Structures are given as C-alpha cells and as structure tokens.
Amino acid sequence: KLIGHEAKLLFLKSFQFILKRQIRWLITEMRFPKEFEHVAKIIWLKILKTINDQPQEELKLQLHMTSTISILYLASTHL
RNA sequence: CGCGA
DNA sequence: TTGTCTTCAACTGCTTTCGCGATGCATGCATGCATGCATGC
C-alpha cells in the first residue's frame with residue numbers, strides 16, 4: 001500500500017504542504033505581508049536543496065514541526 | 001404426503 | 001427303521017390416474033486488548 005524507501009518525496013510534500021498551510025493562516029489571519037511567502041520559499045528552498053545535495057537511501061533527515069516554526073521565525077527575522 | 005376431477 | 005402327506009409357520013410381493021413441492025466434531029479465521037517490533041526524525 002504505502003510507498004517504500006523513497007517516500008522521502010511524500011514526506012517532503014506533506015511537510016512543504018503543511019508549511020504553506022500555516023502561511024495561508026498567518027498572512028490571512030495574522031495580517032502578515034505577501035512577501036513573507038517568497039522569503040519562506042527561499043529559506044526552505046535553500047535547505048531542501050541542501051538535503052537534496054545530501055540525498056541518499058542512507059538517509060539522515062530530521063524535518064520536525066520545530067523546523068517549520070524555525071523557518072517562519074528565520075524568515076520573519078530577516079524581514 | 002401436502003394441492004386439482 | 002423308514003417312508004411322506006401331514007401339519008403348523010418363517011419369508012415376501014403388491015396398493016386408481018396426473019400436475020405444485022444428514023449428524024457430529026475438529027480446524028481455523030474472527031474479534032479484541034496488550035505487549036513488541038519496525039519506521040522515522
């Protein structure tokens with residue numbers, strides 16, 4: 001039934017999806033700027049590209065909820 | 001062994 | 001000693017025409033709750 005060994009993709013897709021879900025709720029409900037999004041695509045882009053420049057079935061991934069919040073804060077603070 | 005002459 | 005018709009008595013066959021109409025016992029999957037094992041971060 002469920003994917004094997006390269007559900008790394010679905011993992012990063014529920015993760016990415018859940019993040020964008022949170023941004024929808026913070027521009028909408030917390031009256032953030034539209035710019036935040038592009039700031040966030042950049043930071044999560046940077047680290048997505050870094051885990052996909054260390055991507056291997058010998059996998060060492062640690063995307064936690066803490067990572068979501070961490071890139072929101074990270075991006076907010078640049079802004 | 002139940003239904004019809 | 002012996003012949004056999006004598007007698008009672010153990011087996012054994014059928015019955016007016018058509019339509020409407022298996023039991024028990026072992027094996028294992030099923031259900032549910034609680035420990036363990038595998039995936040991921």
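Brief remarks follow.
- For residue A:71, the shell of other residues with beta-carbons less than 13 Å away shows a net charge of +2, using +1 for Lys and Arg and -1 for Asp and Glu.
- Taking other residues whose beta carbon is less than 15 angstrom from the beta carbon of residue A:18, and scoring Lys, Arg as +1 and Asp, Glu as -1, yields +4.
- Rounded to 10°, Cα long-axis angle of helix A:35-51 versus longest principal axis of chain A: 20 degrees
- Ellipsoid fit via the Cα gyration tensor, chain A: semi-axes of 26, 14, 9 Å, each the root of five times an eigenvalue, largest first.
- Potential lengthening of the chain between residue A:64 and residue A:51 amounts to 3.3 nm, from the contour at 0.36 nm per residue minus the alpha-carbon distance.
- Sequence of A:35, A:29 once ranked by neighbouring C-beta atoms within 10 Å, starting from the fewest: A:29, A:35
- Top positive-direction residue, dipole computed over chain A with Cβ charges, set A:67, A:10, A:26: A:26
- Given +1 at the Cβ of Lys and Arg, -1 at the Cβ of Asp and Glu and no other charges, the dipole of chain A around its Cα centre is 260 debye to the nearest 20.
- Residues whose placed amide H lies under 5 Å from that of residue A:32, excluding near-sequence neighbours: A:27
- In Hz, Karplus ³J(HN,Hα) per residue of the stretch A:6-19 (6.51, -1.76, 1.60; θ = phi - 60°; x = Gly, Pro): 9, 6, 3, 5, 4, 3, 4, 8, 5, 5, 3, 4, 5, 4
Rule-based calculations on the coordinates, nothing more; no lab input. Counting neighbours? That spans all protein chains shown, and the Cβs are built from the backbone with ideal geometry, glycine included.
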